[PDB]
Every structure is written in C-alpha cells, then in structure tokens.
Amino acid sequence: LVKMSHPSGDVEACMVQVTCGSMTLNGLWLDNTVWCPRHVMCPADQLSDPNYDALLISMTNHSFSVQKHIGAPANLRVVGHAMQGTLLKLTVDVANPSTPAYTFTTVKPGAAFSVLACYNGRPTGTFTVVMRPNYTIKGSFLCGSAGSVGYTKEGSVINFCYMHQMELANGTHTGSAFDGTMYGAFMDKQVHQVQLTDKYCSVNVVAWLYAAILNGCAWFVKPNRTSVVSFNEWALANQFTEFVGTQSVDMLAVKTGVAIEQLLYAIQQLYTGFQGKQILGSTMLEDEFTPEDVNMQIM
C-alpha cells in the first residue's frame, strides 16, 4: 500500500509560466487556452481587496507573458483574455501540440487525485491527495506553486479537477475546479477566512481496514456489527463523514468475508484508541486510501 500517483508526463507537457506585472505563477496550456489563477492580476498593494472585474478591464492581451520552459520551448503570444470564476482563460495563438485528451470534472470529498507541483512553470514533484471533507487538501505546496494542477486519468483521458490557488490560515491549501469555482468557496484575497472542521473519510477508513485484513492484519475484527444507519448517526457526533457504500467496497467485503458493518463497529472502537497495537504500520486511522486504491493495489 503505497501512495501512488499517475505518471505525470502528459501533464508536464502542458505546464507554462504566466506573468502579469509583478506576479508570476503556473498555467495549464490546453489547445489554444492557457488557464491560470486570476490572482496573477492582483497588484502587490491590493492583496487584501482586489476588484477582479476592474482589474480585468485594465488588462489587455499585452499584460500577460506566457513561457513554456520544459520540453519543446516557447514564447506564446496571448491573443485573448477572459475570466471564469476564480480562473483566467487566456487564448494563445499556438495550439499545444501535446494536449492530452481531457475533461473537467469537480472532485468530491474523499476522492483521490494526483498533483503535479510546479514552480515558475517547471514541474518539480508529484504526489497524491484526497479532497478533504472541509474542501481543502494537504500536499506539499510552497511559494509560487499557484497554478499547479490536480488530475485523475482513466484510459487515455485526463480529468483535470484542481488548480492550486492559495494557502489557508491553518497551514492547509485550496484551489479551483476548472469551471472556475473555488473548492470550499474560499476567496482569492488576503483576508481572514475560516475553514470548517475536517472529518475522517469513513469509506476510505473502511477500505484501509479491508487492506489490513487482506494483508493478514485482522486483530480488530469482531463478530459485532453496527448498521450503516446507526454508524451514520454516530458519525455526525464524532467528525466522520457519512458512509456511502460502493461496488468497490462490496468487492472487498466479498473477497475477505468480513461485512461492512463489522468494520463500522471496529471503527467506533478504534477511534477510542488502538490500545498498544498497530494496523498496517500505523497507530491511527488512515483515510487517504480509497476503495478503488485498495482494489487496484492489492487485488
């Protein structure tokens, strides 16, 4: 059970550097469009209250410089600009010759995706995250990583689901979907904002306990059961998400012979403390492995 990411080559070929005035960050070049956070337009003196409608008017095509450093370089010419929620949509006069087949879909809490971290348009690392129940993610993002993208891949099709926007007050990160909406509705300004409480992703904890059983670690399995409806009542009071079963979870239950409701009961007990014991090299519950992850990696 390792933290697995998709191979990043397809997305690396799309990363560019976008500069506007004194701001520089990353953009995603797909066909004739370069996507980037709209806060590239924010002046250094208006961090706390930018008017993005106003800033958009004051811009022309010549206000944005776009450079591709990786691979086959350029030196793109911006020939149009528009704003879409919290994103800039720049039109450039060359279609990216390495554009993958792609879609734009918003991810839901508990779902995993790969992130390609970039600085000044250069990819530097990749890792996998889950969208937290409070619509934040915990990866490794340093200064200038804005515009780094998160994505999944199915067959030949990349689903772009995240473009990094900002660090929040609790050391945590959020970003936009490519429809322009910010995950969790955070504002792209220097302003005090509160994030809701995080929660354990119940269905991923279930998947992880199934991975433990599959690896011969089942000391926590009892005959006792908690129904889904009763677990979901308990979860509201203990910062767990609502458990929603899936065909992926059912495959693990069939394979191990341990019912979902046995693991729901185990979670309730393990939340109280592991006593002196370990599960898959961990002394706490793990909720960043999805049922699909466990099925892929162990079956």
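Residue indices: 1-based, along the sequence shown.
query: Out of 181-189 and 116-124, which stretch has the higher average CA B-factor listed in the record?
result: Of 116-124 and 181-189, the stretch with the higher C-alpha B-factor average is 181-189.
Higher-B stretch (mean Cα B-factor, as the entry records it), 49-57 or 265-273: Higher mean C-alpha B-factor: 49-57.
task: In terms of CA temperature factor as recorded, identify the highest of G155, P100, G175, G150.
output: It is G155.
Options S248, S230, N32, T241 - largest CA temperature factor per the record: Top of the list by C-alpha B-factor: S230.
- request: For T256, return the chain-relative third of its C-alpha B-factor as stated in the PDB record: lowest, middle or highest.
  value: For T256, the deposited C-alpha B-factor lands in the middle third.
- prompt: Among the modelled residues of its chain, does the C-alpha B-factor of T136 lie in the lowest, middle or highest third?
  reply: Its C-alpha B-factor belongs to the middle third of this chain's values.
- prompt: Going by the entry, which third of its chain does the Cα temperature factor of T86 land in?
  reply: Middle third of the chain for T86's C-alpha B-factor.
- prompt: Thinking about Cα B factors across the chain, which third does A13 belong to?
  reply: Lowest third.
query: Taking the C-alpha B-factors as the PDB entry records them, is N204 in the lowest, middle or highest third of its chain?
result: Answer is lowest: the recorded C-alpha B-factor places it there.
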